[PDB]
Amino acid sequence: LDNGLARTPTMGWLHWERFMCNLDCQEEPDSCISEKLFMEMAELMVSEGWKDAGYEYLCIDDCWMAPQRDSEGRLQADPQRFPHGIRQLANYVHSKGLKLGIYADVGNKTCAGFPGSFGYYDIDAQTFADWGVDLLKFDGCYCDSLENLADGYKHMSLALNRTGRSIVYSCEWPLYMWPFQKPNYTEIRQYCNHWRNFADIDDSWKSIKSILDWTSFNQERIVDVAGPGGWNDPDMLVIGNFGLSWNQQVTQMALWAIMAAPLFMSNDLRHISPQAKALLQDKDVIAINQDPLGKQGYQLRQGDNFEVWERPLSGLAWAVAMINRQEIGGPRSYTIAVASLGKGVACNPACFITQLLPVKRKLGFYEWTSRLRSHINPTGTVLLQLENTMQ
Amino acid sequence: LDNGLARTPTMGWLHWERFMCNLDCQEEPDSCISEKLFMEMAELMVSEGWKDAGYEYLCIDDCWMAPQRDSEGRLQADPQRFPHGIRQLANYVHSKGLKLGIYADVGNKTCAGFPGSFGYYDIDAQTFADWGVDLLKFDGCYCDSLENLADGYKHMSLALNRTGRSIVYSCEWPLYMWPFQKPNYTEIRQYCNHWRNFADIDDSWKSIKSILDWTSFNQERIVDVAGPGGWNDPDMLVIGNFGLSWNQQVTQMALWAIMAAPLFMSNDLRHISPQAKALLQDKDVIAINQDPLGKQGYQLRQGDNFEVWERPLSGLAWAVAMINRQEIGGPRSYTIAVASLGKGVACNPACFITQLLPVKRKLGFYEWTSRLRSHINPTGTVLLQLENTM
Ligand SMILES: *[C@@H]1O[C@H](CO)[C@@H](O[C@@H]2O[C@H](CO)[C@@H](O[C@H]3O[C@H](CO)[C@@H](O)[C@H](O)[C@@H]3O)[C@H](O)[C@H]2NC(C)=O)[C@H](O)[C@H]1NC(C)=O
Ligand SMILES: *[C@@H]1O[C@H](CO)[C@@H](O[C@@H]2O[C@H](CO)[C@@H](O)[C@H](O)[C@H]2NC(C)=O)[C@H](O)[C@H]1NC(C)=O
Ligand SMILES: *[C@@H]1O[C@H](CO)[C@@H](O[C@@H]2O[C@H](CO)[C@@H](O)[C@H](O)[C@H]2NC(C)=O)[C@H](O)[C@H]1NC(C)=O
Ligand SMILES: *[C@@H]1O[C@H](CO)[C@@H](O[C@@H]2O[C@H](CO)[C@@H](O)[C@H](O)[C@H]2NC(C)=O)[C@H](O)[C@H]1NC(C)=O
Ligand SMILES: *[C@@H]1O[C@H](CO)[C@@H](O)[C@H](O)[C@H]1NC(C)=O
Ligand SMILES: OC[C@H]1O[C@H](O)[C@H](O)[C@@H](O)[C@H]1O
Ligand SMILES: OC[C@H]1O[C@H](O)[C@H](O)[C@@H](O)[C@H]1O
């Protein structure tokens, strides 16, 4: 989308995977979807390093709206869970120097059953602009047909542009087109800063694998449409939560960096381990994700329960990720010709290789003709930065 | 098995899940199956408090044997990877106050394809006892028929008795019987100190879930037969490895306690996190697994993506485990009437509940009319001990 936004993948926090549609503020106050949840996450994004590391957009997902429209036809916040409106929360979030994301649905209802935007695009985009919304997540539930799906996704893009306001536009359009038919990603890049391709993540190694294998399988159709302004969205970061091992958490961080994925943490910043945090705020791995060339990486080799992915970076540099997909035994030896990586270009006549993950380690100079030997933890990934060098 | 052994579930360390069949000692000398790997783990079991915690048996799984038998018919350890022989390793493990296990197969070959004990049960048992082996894990690959399987598990059990040496007898009999017929557990118990029921464990939460699910599914068949001398074996503890979150590791520790399961770590003792060491060595939780009454716990309740398991314990105590099986969201609220726990008698008229897992915390007194409420992490478990007030 040519609105000047998401020149690198958007970065922030989204309530959905960790908080879901918890409406019960009486018995579950600490996890209900409430204005005070958002206000507290906003304070920690600032005091805990998050906004410094580039996490900028604090985003509301589904279940913030009142059961129906006001007597002017406009959406509203829940009166009990968000008594101060969206506009006061936006000021609050903006005062911390952060940006505010909201949620709506292209059809007659949102996914959880709240007011949809069909027949309301212009009114809502405007409403979002008058509130100070800075990103919109646009879901696709309860939609008549593909014709309406495309019409409505295209309409809202124009409506938001037509507001005057810089509002990052995040679509689940390819997801819901999937499939009556294969998405046309050029049409979508024209309308969307980023797009959900595949099924909702949850807090599992299963879910992670399935997204990698989905993308891996479908990379010839999706990797080249991504670049500054429009990204493929493999869904939220779930580091900090419960279902992933440390090694599976490095797999998720390493590969969302390779995929040039937006980075929306969905977790509880009040209760996150020091190692989850160091990982999420890893400056060298974020720099990869945020690399300004903005070409998405891809899967280079698959076999023998190993994968090799690599991303091209600015300045003739490359990120390389090796995955061990064998979930028995221990760290497995993997060796490859340095000439095989980065299209023979990294490492001609040499590259300096530094391991970023699972730990940060300067590894030596490697000549074009050199071999890299590594060892990879079951379900873990090894993440490497190759710097091209005169040598 | 009325051999005086396994009066509480066996505790030790077993190489297979983490080290598998690595025969490559030139390129990976520190992780191949060699006498060295065993020596390292044996001194760490002593120096890092494993043995104080009750981990006693250091056990060799498959891939130790030389490719053929000696001129007199006896199994032999592999001459390059085990140059000193199994007896000397046994001498050595004994010196540290530990006991040594070894591994063989009922059939013609071991699962990796090394010499089986079929036709050699009497000589193999005697060879083992001659070496100072304190435990045999006996696997069921490469076996003709259900007859031979039963004949060989029975025969070996009797060869061992007759050495006059105490040797824990670990059996994979039931596992190899499914899907041909339902095993006779009353019979198995008579010949075995413990028995594997289900597929080999992985470094994965999928694997653990599927062991839990299999056990809770067949619990009517297996729970009551367990007790001092004879245990269901849900396979190795994998805590300390690569594939389980903290919360999944607690689940495995808690559930293996409720199930009165042998506790065989399969992990790298040389490289294990502090958190994973405190779990595996959690005194209060090992005390549950090791309860001298030896009645296996079971699943009480399953619903709305929660499970409740409970185990009866010495002295009118119970253990209760609450698992959250929903893989999305945050900690989720579970409530149950304490009248429903412990057959209605833990907590009549009252009980003191103390949470043990994920963190130790005294919770207070609960009248018979009370409800226990907890928040349970996705893939986590809360483990409680309940003391009846009397
Ligand atoms: C070969 O088989 C024998 C029986 O199948 C087994 O004998 C059993 O040995 C244990 C030794 O601990 C005895 O137990 C202890 O048991 C007495 C009486 O039951 C208790 O009061 C005490 O706790 C005591 O410590 C069993 O009683 C005994 N059972 C029988 C039927 O004799 C042998 O040990 C086996 N031999 C070998 C070397 O495996
Ligand atoms: C409304 O849409 C227009 C059309 O794309 C956007 O204008 C583009 O903005 C970037 C900003 O740097 C320029 O590089 C392009 O040249 C612009 N396109 C055109 C047609 O010149 C405009 O920014 C949008 N406004 C909002 C509020 O999103
Ligand atoms: C939202 O609601 C209305 C009402 O059901 C839908 O509009 C109808 O759509 C049918 C099917 O194409 C049309 O032929 C009718 O003229 C409409 N009927 C009514 C009662 O108005 C609309 O399709 C729904 N929108 C979405 C996005 O699914
Ligand atoms: C997918 O959609 C895009 C844009 O909607 C198509 O590209 C446009 O096609 C028109 C008509 O042929 C051209 O005149 C324009 O130059 C194109 N616009 C853009 C933004 O590139 C694209 O060809 C479609 N692919 C398929 C298979 O339909
Ligand atoms: C081992 O193989 C032989 C010869 O083929 C056969 O006699 C016997 O049944 C086998 N043993 C078992 C238990 O399968
Ligand atoms: O209801 C909210 C929920 O709905 C859709 O399914 C999206 O794909 C999810 O990421 C989340 O927004
Ligand atoms: O090859 C050895 C391997 O054999 C079988 O698969 C057992 O069930 C495993 O625990 C292990 O001993």
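Below, read A as the first sequence line, B as the second, and so on, with proteins coming before strands; counting in each chain starts at 1.
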At a 4.5 Å cut-off on heavy atoms, which part of A:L244 comes close to chain B: side chain, backbone, both, or neither?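 The answer is the backbone of A:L244.
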Is [X] atom [atom1] crowded by more than 12 heavy atoms from other residues, nucleotides or ligands, each under 6.0 Å away?
{"X": "B:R361", "atom1": "CZ", "answer": "no"}
{"X": "A:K36", "atom1": "NZ", "answer": "yes"}
{"X": "A:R371", "atom1": "CZ", "answer": "yes"}

As an exercise: rank [options] by heavy-atom pairs under 4.5 Å with chain B and give me the winner.
{"options": "A:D203, A:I328, A:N247", "value": "A:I328"}
{"options": "A:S31, A:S207, A:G243, A:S333", "value": "A:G243"}
{"options": "A:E28, A:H271, A:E27", "value": "A:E28"}

Is [X] in contact with chain A via its backbone, its side chain, both, or neither, using a 4.5 Å heavy-atom distance?
{"X": "B:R373", "answer": "side chain"}
{"X": "B:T379", "answer": "side chain"}
{"X": "B:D202", "answer": "both"}

- Message: Are the side chains of A:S273 and B:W246 in contact, using a 4.5 Å heavy-atom criterion?
- Response: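 Counting from C-beta outward, B:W246 and A:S273 never come under 4.5 Å.
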Point to revise | chain A interface, residue from B:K206, B:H375, B:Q326 that has the most non-hydrogen pairs under 4.5 Å | key: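 Ranked by contacts with chain A, first place is B:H375.
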Say whether, by atom type as modelled, one donor and one acceptor occur between the side chain of A:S245 and the main chain of B:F242 under 3.5 angstrom.
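The answer is yes, because a donor-acceptor pair under 3.5 Å joins these two groups.
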(request) Kindly give the heavy-atom pair with the smallest separation between A:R18 and B:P331, and that separation in Å. (result)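 Closest approach of A:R18 to B:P331: NH1-CD, 3.7 Å.
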